[PDB]
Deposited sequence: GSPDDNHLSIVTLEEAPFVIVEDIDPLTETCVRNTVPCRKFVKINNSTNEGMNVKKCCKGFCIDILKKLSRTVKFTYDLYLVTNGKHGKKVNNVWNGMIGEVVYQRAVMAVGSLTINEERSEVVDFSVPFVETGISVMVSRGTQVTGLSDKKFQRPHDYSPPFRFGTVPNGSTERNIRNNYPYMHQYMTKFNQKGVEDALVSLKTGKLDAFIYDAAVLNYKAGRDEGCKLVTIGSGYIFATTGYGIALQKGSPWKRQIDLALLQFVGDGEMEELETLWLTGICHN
């Protein structure tokens, strides 16, 4: 029981997906499969052989080596990270909960509701909630009355998130008014969100801190920034999700704390996360 089924999800620079070479996976990439449907009038599909690289993938490679396990990596096709719909978990969390995966590796936010259904490793990347705006935008943070009471402004401040992840869950639980106002500014993803910001179609984008900090540090012309000194609300971290009472957790926690201690972790941050903008 050394060959583990592992789920991932594409989110640069943590997890990056590529097409296989002209005929396997080269260099720093590992093989990863994605089930692709034949049509939408069927359940029939084929697992396409793809290649995976990125910060979280380098962490997987180190754990595989240290903790001594081999794996079969696949990309989730049901949800994304994890959402409880009518008490049924989807995404990476669902895969672990319904035992299709031994572990979920990726830009997976540790939160209380997910922790009730899966076991998380120690956090290996600091995250939380940040706000991306065009440099100069006057907003104190999530608690700003531009967000909390948007209709007190003429015209009202335009802000959204990418729904169904830990960010929206957190806004839903803490700012009921803000949440119901934001939903008309829901973004299909990070790339759409940044385009709306850069083209004056959005005023602020609220999202995962680690991803927003990476995106501002690599912004062309260093126009888009995170409010404060790249400040983090509801500070949390990314964790590897494991089944509850999993035997793999102990070994995985010690290896991660070893990687931090050794300097191995700072090397990955240098390699994948460092930016030009400051």
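Residues of the deposited sequence with no modelled C-alpha atom fall in the ranges 1-4, 27-28, 285.
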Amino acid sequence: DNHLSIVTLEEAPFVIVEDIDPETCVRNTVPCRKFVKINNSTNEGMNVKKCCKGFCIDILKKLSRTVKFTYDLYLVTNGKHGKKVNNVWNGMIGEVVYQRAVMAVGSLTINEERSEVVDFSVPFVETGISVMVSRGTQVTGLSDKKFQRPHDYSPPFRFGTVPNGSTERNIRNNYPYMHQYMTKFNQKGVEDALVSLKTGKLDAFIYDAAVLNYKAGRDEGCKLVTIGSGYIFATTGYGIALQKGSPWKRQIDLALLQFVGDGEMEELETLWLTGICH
From here on, numbers count along this sequence of modelled residues.
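Missing-residue comparison: residue 13 falls in the unmodelled set for none of the other PDB entries checked, so it is not missing from a third of them. Residue 22, present in the displayed chain, goes without coordinates in a third or more of the other PDB entries compared that cover both sides of it. Higher mean CA temperature factor, per the PDB entry, when comparing 6-14 with 256-264: 256-264. The deposited model assigns a higher average Cα B-factor to 129-137 than to the other stretch when 129-137 and 172-180 are compared. Going by the entry's values, 153 shows the largest Cα B-factor out of 207, 153, 89, 71. Within the listed group 36, 56, 242, 51, the record reports its top CA B-factor for 51. Ranked against the other modelled residues of its chain, the C-alpha B-factor of residue 105 as given in the entry falls in the lowest third. Residue 187: CA B factor lies in the lowest third for its chain, per the PDB record. In the deposited entry, the Cα temperature factor of residue 197 places it in the highest third of its chain's modelled residues. When the modelled residues of the chain are ordered by C-alpha B-factor, residue 166 sits in the lowest third. In this PDB entry, the Cα temperature factor of residue 78 sits in the middle third of its chain's modelled residues.
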